[PDB]
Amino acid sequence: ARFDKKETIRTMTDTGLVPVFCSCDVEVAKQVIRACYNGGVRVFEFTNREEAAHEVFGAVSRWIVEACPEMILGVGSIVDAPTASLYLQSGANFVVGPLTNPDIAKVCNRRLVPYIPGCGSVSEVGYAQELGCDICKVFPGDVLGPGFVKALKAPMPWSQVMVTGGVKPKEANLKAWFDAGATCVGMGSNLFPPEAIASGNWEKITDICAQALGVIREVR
């Protein structure tokens, strides 16, 4: 359907896992979303990386209302404000990017749509917060590491961080990030082995998602 900022933040916080998938093929995207939904995933991020990716997103967005009615769909890899506006027109419930662009914050704030900008320093986290961003994306996480989140959260306990990059659906990796204070994690390649997609092994996608979500749940 369409979910307001309150539900999106809460659902992201509670599940703690945001799959990150390409906008390649509409039919492949539907299957990945179906497999993730069955695994318990309720927030899903499409990336704006292929040509006319917003057209794939629009098709999936209209289909997902009946197919996976509790899935909250959002867009990632956004670096400019007009493209963020375009996906808001297409039904995006949250906007994520690898960097921070204040113009995007302005356009997202105008519709109370959560903007999750990429941050790579404690100052960048703070400026994003000043812009009204409730969740900041620590990116790339493998570069900054769990210690970055732990160090930031001590003087800035209000901070809520999504970690993306270098997160794995393994218990030792997930424990490290959530013990450090992460609110949710984003994952792409590690949630969908390219082998499993190519052969249509969707139950494998469901299982990895379920297992990762289960580890997050007992960590919390």
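Residue positions are given as counts along the sequence shown, with the first one as 1.
When the C-alpha B-factors of 156-164 and 27-35 are averaged, 27-35 comes out higher. Between 191-199 and 174-182, it is 191-199 that carries the larger average Cα temperature factor according to the deposited entry.
In the PDB entry, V56 places in the middle third of its chain by CA B-factor.
For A151, the recorded CA B-factor ranks within the lowest third of the chain. Only modelled residues enter the ranking.
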